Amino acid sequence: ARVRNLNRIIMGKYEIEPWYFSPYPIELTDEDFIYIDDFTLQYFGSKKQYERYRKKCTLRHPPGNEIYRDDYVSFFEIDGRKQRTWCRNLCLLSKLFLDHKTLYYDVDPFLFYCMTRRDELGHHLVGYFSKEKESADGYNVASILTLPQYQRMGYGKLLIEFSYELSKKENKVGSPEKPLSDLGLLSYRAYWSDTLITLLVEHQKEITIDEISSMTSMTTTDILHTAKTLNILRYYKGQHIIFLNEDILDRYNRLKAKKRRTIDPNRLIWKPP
């Protein structure tokens, strides 16, 4: 009698191996897989069951409002209490790639921003980030995930950038909830670095902290830590600023050569609470 652990999930054409344990309310059996519908995120212990439900009429994108949509990606705003089942299913899936996450069942306190790539085949959920409706610490991101099959493609950077666009529209500075996983922190540092580097070449050669905070919603702390790592912290005309140098132009051109996608602030049609 084999009592196996969840060693792989079937999502679309991908067979994915979990990084961490997730509290799926499933029976332990001699099999080590479950099916995860790439639309409803619902889980099944048998291909047959998955099949039965695949046939039923359902939307082909996240159950939320599409508040951002460009030729590359779309962002859907989902309210936990308004879509408990779907969101609980999203947290269960997310917990497979996070060392720690709050009780997946309690989704009412969060707002979920899900990102999709649109193909001739429709919407494909590639990542998302959650956010506390009310955060005592002003965190603008609770948990953030790029589905593993789509990692290392720039989507995570898009997710972080979008989270900052909400904060800008909200007229508040924000920072991701601490502590961060090594993966998340390295993604954030790359993002903070690319942002200051782009601001210094496309906006102004010298920028004060307030100006950077105003244009990016980044916190003083994250701005200063980033400016120090790049060695661009200086004092000019009475206040601390970040300045442009040769290394920056170089890094910028390299970044640009990578021809990456970004978030167009003008395409965010959204009003904060």
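Don't overthink the numbering: it's just position in the shown sequence, from 1.
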- prompt: Should the higher mean CA B-factor in the entry be assigned to 172-180 or to 134-142?
  reply: 134-142
query: If you average the Cα B factors in the entry, which is higher, 159-167 or 122-130?
result: 122-130
Third assignment of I242 from its chain's C-alpha B-factors: highest
- prompt: What third of its chain, lowest, middle or highest, does the C-alpha temperature factor of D71 fall into?
  reply: highest
task: Select lowest, middle or highest to describe the third in which the CA B-factor of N65 falls within its chain in this entry.
output: middle
message: Where does the C-alpha B-factor of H203 rank in its chain, lowest, middle or highest third?
response: highest
query: Lowest, middle or highest third: where is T229 by C-alpha B factor in its chain?
result: middle
